[PDB]
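Report on the following structure.
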Amino acid sequence: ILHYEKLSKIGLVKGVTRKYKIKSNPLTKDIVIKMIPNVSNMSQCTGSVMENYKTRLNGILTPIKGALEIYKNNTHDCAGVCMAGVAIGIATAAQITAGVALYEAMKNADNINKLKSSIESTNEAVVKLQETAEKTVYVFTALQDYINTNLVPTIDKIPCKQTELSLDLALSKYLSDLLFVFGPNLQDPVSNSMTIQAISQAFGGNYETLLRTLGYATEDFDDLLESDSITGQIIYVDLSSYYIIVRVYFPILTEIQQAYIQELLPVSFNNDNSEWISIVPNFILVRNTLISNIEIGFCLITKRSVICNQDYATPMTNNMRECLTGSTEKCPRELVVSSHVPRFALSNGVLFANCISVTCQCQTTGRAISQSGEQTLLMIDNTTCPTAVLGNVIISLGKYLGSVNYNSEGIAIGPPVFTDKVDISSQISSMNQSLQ
Amino acid sequence: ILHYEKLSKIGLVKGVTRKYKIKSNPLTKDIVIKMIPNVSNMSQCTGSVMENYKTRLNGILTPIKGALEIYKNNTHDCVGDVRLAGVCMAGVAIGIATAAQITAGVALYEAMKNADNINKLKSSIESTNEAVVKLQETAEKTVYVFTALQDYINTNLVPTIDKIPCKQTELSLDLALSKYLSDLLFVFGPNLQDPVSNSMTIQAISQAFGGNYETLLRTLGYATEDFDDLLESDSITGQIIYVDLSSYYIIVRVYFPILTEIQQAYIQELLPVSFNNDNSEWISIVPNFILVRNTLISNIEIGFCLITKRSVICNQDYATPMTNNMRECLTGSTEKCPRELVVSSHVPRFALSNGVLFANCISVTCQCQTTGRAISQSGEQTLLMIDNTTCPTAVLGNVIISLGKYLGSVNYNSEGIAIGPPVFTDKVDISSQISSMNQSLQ
Amino acid sequence: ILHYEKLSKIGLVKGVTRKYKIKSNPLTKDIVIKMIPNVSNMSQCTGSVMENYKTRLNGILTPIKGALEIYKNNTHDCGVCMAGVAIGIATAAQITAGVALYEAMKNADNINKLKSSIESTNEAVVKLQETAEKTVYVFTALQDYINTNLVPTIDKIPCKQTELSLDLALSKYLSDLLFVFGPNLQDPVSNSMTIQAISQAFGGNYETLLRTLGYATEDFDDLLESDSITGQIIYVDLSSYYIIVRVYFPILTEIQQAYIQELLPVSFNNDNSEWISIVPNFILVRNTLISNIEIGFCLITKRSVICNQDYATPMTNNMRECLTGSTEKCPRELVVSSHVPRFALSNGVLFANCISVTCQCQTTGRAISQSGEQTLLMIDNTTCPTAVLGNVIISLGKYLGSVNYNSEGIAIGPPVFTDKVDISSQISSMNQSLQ
């Protein structure tokens with residue numbers, strides 16, 4: 027376990043504890059995203075930009091279909113998915129799993145494609161088709177709302193030639209928004225790591241419409257969405273009607289047993305007439321009594337849990353482990369140069385503060401609370417006095433649960449470090465030169 | 027304190043010198059953003075999308091008010107003339123809080139004194155049907171309401187309420203609200219774990235108003251000539267002080283600081299130039315920007331700061347430490363400066379400071395126009411200084427340059443220096459090097 | 027030069043080989059962006075918002091003119114000839130950009146000669162003739178929005194305070210602008226600014242610009258994604274509020290005897306534990322010289338690596354030895370996640386860690402067993418053709434290297450930790466050990 031008592035003397039006070047949940051058990055829903063809007067109502071003077079748009083869109087979609095055919099021509103039946117590796121050549125584990133999922137989805141892709149004429153004839157933003165007697169499919173048209181709302185009503189008021197330039201500019205803008213996602217960046221269409229946010233760029237970035245039409249099956253939906261846990265996969269691309277069918281995955285957040293997130297709040301502390309701040313990861317994964325880092329920038333942090341669409345556990349150095357579980361002499365520290373570093377923090381109703389670097393006094397007696405040059409921070413609680421003042425704040429305090437003699441015992445301190453990108457190279461160079 | 031001559035001979039030519047300023051002394055203005063639009067003029071056949079959007083917005087806005095109530099329930103005015111007589115904090119009922127979070131809590135209570143008065147206007151705030159509205163708060167005070175989706179409704183849906191089928195207007199609306207929510211979730215969604223703090227930029231806040239912060243700031247007022255600055259450096263910040271789940275409108279206190287230039291504090295930029303040594307090209311690895319204040323030399327993490335032509339602007343004192351060896355290197359101990367071998371052919375090879383030209387004439391062909399002959403660099407000179415004493419007009423490829431006179435040593439080009447050890451700065455190189463030294467130590 | 031057989035043993039399965047091509051030989055074209063719309067049709071409800079927008083845009087554009095005028099005032103014919118005394122601080126890129134700016138003034142004079150024509154444009158794209166032979170296109174920022182929404186609605190409503198909507202539209206446009214042409218912009222001289230960023234003055238619609246300019250290359254998408262198509266500001270006008278941009282359209286020139294090799298990572302067992310090796314995913318080989326590349330800046334395709342600049346960086350000598358057969362110098366990292374790839378296929382040949390994923394090939398009708406001394410188990414049609422892993426049944430080809438692959442062992446490198454705090458902790462521990 028983490029020893030929070032010695033960690034608070036270093037400047038790391040306990041924060042919230044959070045439960046770790048990962049994406050798992052994903053359901054499947056199939057939708058149709060039509061990249062080319064229906065322009066039947068505006069075709070009388072749509073100009074020649076429709077053909078140019080079609081050619082440009084082929085220029086984008088053709089590599090996607092080409093990369094899909096590599097798996098399309100290598101999946102068949104021999111019971112289950114039967115792969116042929118000679119004609120594949122280069123593929124990762126994720127690519128092979130995506131190919132198996134692709135062949136699975138081909139069974140419903142055939143039935144969806146059986147309604148090609150219905151798919152092409154769609155002229156609403158969200159259209160319902162009866163793909164079979166007991167199941168339906170939704171069709172989303174990329175720019176159909178724009179055409180029905182702005183361009184179609186203004187087909188005779190504004191100059192149509194101007195309408196021709198408008199429609200064009202709209203197409204262009206849609207293509208420009210697409211190309212960040214569906215352009216040559218999409219080297220591997222056989223993948224399910226692509227978020228619904230990116231796929232919705234084929235619909236104007238409006239993933240809310242897609243998901244709401246599909247259905248908010250779970251109460252953890254927002255955490256799934258922000259974590260981009262709702263992923264998708266392209267399973268069929270048509271170069272004749274310019275549509276792609278996407279199998280959206282709707283998973284459930286599975287609480288990982290015997291696992292939690294611990295967050296530590298850094299507090300600047302005083303040592304040798306200077307301010308220092310200790311460098312440890314702000315967040316720690318503890319799973320089955322094993323301590324390991326957690327790339328968190330990708331995860332989503334809530335007040336009670338940390339939601340990750342992948343298991344982002346990353347290794348911890350033994351030295352960092354020891355530092356977190358008591359050996360504070362191994363905890364590195366960096367000198368403070370920012371006038372705006374945190375100086376106090378509230379944990380469990382009790383305050384740990386550096387009262388030599390900040391104004392520090394008590395409300396119930398009016399007297400100042402003095403910090404010596406030997407001690408790093410102060411535990412202020414109702415025992416010393418039940419209300420403290422730190423500049424403009426007046427704070428009533430609660431009891432402490434740890435040692436009664438917290439402020440009368442000192443600890444050892446670690447070595448100074450510098451965490452700049454260039455500082456790493458210089459320290460390596462000097463250490464190498466020192467060794468030589 | 028920086029010795030420019032040895033830096034130049036290594037390849038760190040002089041750059042511009044800029045002052046250091048920080049956000050300071052923030053004035054406050056209070057506004058409200060109604061995250062729900064008034065659909066009264068087009069409510070005839072809006073359908074049920076209004077209710078569903080209501081529930082979705084309630085679901086998103088509920089955690090914000092839940093986090094705010096942790097401070098609201100626990101904030102109170104301490105009694106009697108003994109202390110500054112401000113706000114008391116039920117710290118045991120708060121549990122977990124940082125210095126910045128508590129500070130924001132205090133500013134939240136402070137703003138409550140005005141937020142109660144603005145909440146008296148609840149019926150007026152509901153009645154707003156324009157994208158910007160001004161309201162009287164008192165006979166000597168005013169407040170602004172911004173409608174999240176009023177411009178779109180009033181410009182497209184109301185005029186086109188009959189020319190198209192009403193069902194189509196239903197979809198369009200639904201799509202518009204869903205687009206709003208999708209743009210919103212990046213800021214006001216579950217990413218917003220701490221709404222109490224005031225570190226959130228006005229650009230992020232404007233996402234609740236369609237990303238149009240320029241309207242927020244213009245309507246409030248261009249208080250100073252530095253306006254673009256406090257804007258880009260993320261110095262203009264706002265705080266949510268009251269969330270209402272019945273009218274779906276939040277009150278935001280916008281902060282307009284003033285930029286205090288720090289005295290005895292300037293930012294120096296160094297230009298790197300590839301230099302020849304041991305029959306190969308190298309580039310030194312030093313910070314491009316260095317902060318020297320109170321004769322003290324420290325780095326700066328300028329990525330979050332704004333580098334204008336004359337000053338470096340930061341919404342926070344972003345000064346960071348610098349290694350002792352880097353201080354000695356920038357002081358003159360030039361052998362402690364690291365250098366990186368360059369394999370790219372697109373690294374700059376010459377630079378101009380004070381009108382004197384530093385160049386690597388081994389890598390790039392140099393000749394002088396006045397004498398019509400080549401400018402030669404020998405194998406033991408890292409860089410060649412060219413100035414009017416050398417010749418008043420030299421060329422480097424396709425550029426004709428006229429040079430001024432040097433201010434330092436007259437015999438610059440005849441004096442050599444020591445050179446440091448090579449380094450490699452790839453992400454995997456650091457791990458590879460650390461293993462090598464560890465194995466060497468064992 | 028890369029020993030792929032030995033790299034497979036450490037988890038680096040050989041992947042796709044791609045061809046390296048860099049930006050070179052840029053053509054030049056001239057466009058004019060007028061960053062304020064012409065509203066002569068809706069001058070009725072333009073109200074006063076336009077004067078405030080004029081002031082705001084003048085304040086925005088003044089530093090750009092100031093930072094161009096340093097080279098405007100200090101360059102003259104004496112080819113291109115420049116005054117370095119009054120310029121003072123300048124980089125190689127800045128000097129080259131100023132030279133190109135001077136070359137562009139020759140056409141900039143003729144372009145400015147049509148100032149009245151430029152300011153009279155009332156569409157998003159209008160064709161103008163600067164000479165008897167050459168033509169120029171002019172792009173106005175919000176003319177489409179105006180002509181499609183505000184113009185029709187001006188008689189479809191009693192103005193309904195159109196100001197409120199025009200003001201907001203111009204405000205949103207300026208909010209979009211401030212990210213690129215706002216304070217951030219410090220060196221408008223340099224030509225490293227991408228056409229995507231330039232199009233923010235036109236609403237981010239770079240596709241219209243590139244289509245109207247008439248691209249005529251098959252590498253157009255690779256040019257656009259790799260940030261190869263850049264622009265340069267050559268003149269600013271504060272009276273009509275338009276700027277001239279010289280768009281550079283380059284061509285992809287393949288670097289001879291150069292290719293980039295991709296390594297696919299696969300977890301491997303060692304000492305009853307699972308590791309992943311820390312080696313760059315993409316490796317550039319040029320004339321039998323091996324160097325790294327920050328491939329995040331470039332674009333990766335199925336058959337080529339496209340960068341707008343030569344992004345080669347040096348590699349440690351030890352890493353070079355690691356990638357050339359001596360596997361003991363290759364660092365490895367412990368795998369504390371359950372979502373690391375565990376198998377990969379190379380040349381129809383499967384590499385997998387059968388300890389961590391169950392293997393039972395259907396042709397033999399039995400499980401595939403990996404000992405406690407084999408990092409990866411290699412399967413091909415020589416052992417049994419079709420293998421099954423989890424839910425995939427895959428048929429396999431034949432290996433081309435050593436037939437005795439599974440029987441030979443190798444040495445393994447030392448563990449590493451790649452977190453930034455881990456690096457600092459390792460540095461501190463090594464320093465303390467030295468002391």
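Protein chains in written order, with UniProt numbering: chain A, 27 to 104, 111 to 468; chain B, 27 to 468; chain C, 27 to 104, 112 to 468.
Think of the CB as a built atom: it goes at the ideal place given N, C-alpha and C, for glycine as much as any other residue.
Of the residues the options, the one placed nearest residue i, counting alpha carbons only
i      : options                          : result
B:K453 : C:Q395, C:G405 and C:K453        : C:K453
B:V158 : B:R244, B:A400 and B:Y248        : B:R244
C:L33  : C:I445, C:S462, C:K60 and C:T286 : C:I445
B:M411 : B:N78, B:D107 and B:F376         : B:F376
C:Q265 : C:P52, C:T397, C:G442 and C:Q468 : C:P52
A:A291 : A:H29, A:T43 and A:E31           : A:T43
C:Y46  : C:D343, C:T451, C:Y79 and C:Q162 : C:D343
A:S389 : A:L332, A:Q403, A:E31 and A:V425 : A:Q403
A:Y281 : A:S261, A:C363 and A:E152        : A:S261
B:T129 : B:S324, B:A385 and B:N224        : B:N224
7 Å Cβ cutoff, residue i in contact with chain B
i      : result
C:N314 : no
C:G247 : no
A:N217 : no
Partner residues on chain B for residue i, Cβ-Cβ distance less than 8 Å
i      : result
C:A116 : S428
C:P364 : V454, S457, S458 and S461
C:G112 : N424 and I426
Residue-level contact to chain C via CB, residue i, 7 Å cutoff
i      : result
A:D304 : no
A:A125 : yes
B:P374 : yes
A:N325 : yes
Buried/exposed call for residue i, threshold 16 Cβ in 10 Å
i      : result
B:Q289 : exposed
A:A400 : exposed
A:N99  : exposed
A:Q70  : exposed
A:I27  : exposed
C:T88  : exposed
C:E295 : buried
A:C114 : buried
C:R336 : exposed
B:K193 : exposed
C:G37  : buried
B:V105 : exposed
8 Å Cβ cut-off: residues of chain C touching residue i
i      : result
B:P185 : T186, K189 and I190
Interface residues of chain A facing residue i [CB-CB closer than 9 Å]
i      : result
B:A345 : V369, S370 and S371
Neighbour list for residue i in chain A, Cβ cutoff strictly below 7 Å
i     : result
C:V42 : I122
CB contact check: residue i to chain A, cutoff 7 Å
i      : result
B:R319 : no
C:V425 : yes
B:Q468 : no
C:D177 : yes
To test your reading of the DSSP string, which unbroken beta strand (DSSP E) runs of 3 or more residues are found completely within the region 270 to 327 of chain B? 275 to 298, 301 to 303, 306 to 310, 315 to 319 and 322 to 326
Restricting to runs no shorter than 4 residues, where is the alpha helix (DSSP H) found entirely within the region 117 to 143 of chain B?
117 to 120
Report the start-end ranges of each beta strand (DSSP E) in the region 160 to 214 of chain B that is 3 residues or longer and not cut off at the edges.
167 to 173
Beta strand (DSSP E) runs contained entirely in the region 315 to 384 of chain A, provided each spans 3 or more residues: 315 to 319, 322 to 326, 337 to 340, 365 to 367 and 376 to 379
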